[PDB]
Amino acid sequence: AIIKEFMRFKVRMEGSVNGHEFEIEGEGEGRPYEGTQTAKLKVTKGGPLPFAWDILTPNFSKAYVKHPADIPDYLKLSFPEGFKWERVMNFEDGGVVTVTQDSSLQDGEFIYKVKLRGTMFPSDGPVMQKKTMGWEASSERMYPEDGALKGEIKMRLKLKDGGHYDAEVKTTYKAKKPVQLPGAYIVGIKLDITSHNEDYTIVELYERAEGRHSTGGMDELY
């Protein structure tokens, strides 16, 4: 196997949010068949960021989702060539994040290249005013369509003064070579920032993700 039980990754993100340009580089490691991974990210350009780091963290690794044996692990099967993904995050106050990502494997480590564009966030809203406090656990509802894997999430960002700021997230994941797509299923995901320095120019993440069968719900009833 080329996707070993312990795998490292390197990631670079180039982005802008409300016109503020930045770059981030990080390194991660985890256990692809166990569904766990960590990352340590450094802002290398454009720091300190004038917006909430939480809108970036779901864009920092789908080879690390634990799948049961009866659900094809399409994104692991895509290696060695790898896969691409494209995502829309439509936030409830009109903010938008679009993301394009390439995942490859080079000299035994995954390599992630991420391009992110955030626009139309209200200047007084929780993202530009840094009023967020991390994501709730999510369920990504996955289904095959047009030769790709599609996922949908209603993501809920905790707000410092209570309640939640929601995003409707849709992603397409596409292997560079045709490999076996799964049927519809659900991925349970929980991402946390486990450490940061005071100006959030250094952040560490932990994510756990595991696929399971749907019990029918894929839109409102999952």
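When you see a residue number, it is the position in the sequence shown, counting from 1.
- Where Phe60 is followed by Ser61 in the displayed chain, the model omits 1 to 3 of the deposited residues that sit between the two.
- The PDB entry reports B-factors from which the mean C-alpha value can be compared for 51-59 and 175-183; the larger average falls on 175-183.
- The mean C-alpha temperature factor is higher for 128-136 when 94-102 and 128-136 are set side by side.
- Based on the entry's C-alpha B-factors, the most elevated value among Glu207, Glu198, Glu23, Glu204 belongs to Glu198.
- When the modelled residues of the chain are ordered by their C-alpha B factor, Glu86 lands in the lowest third.
- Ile111: CA B factor in the middle third of modelled residues in this chain (values from the PDB entry).
- Per the deposited record, the Cα B-factor of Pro144 falls in the middle third when ranked against the other modelled residues of its chain.
- Annotation for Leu159: C-alpha temperature factor in the highest third relative to the rest of the modelled chain, per the entry.
- In the PDB entry, a CA B factor belonging to the highest third of its chain's modelled residues is recorded for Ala69.
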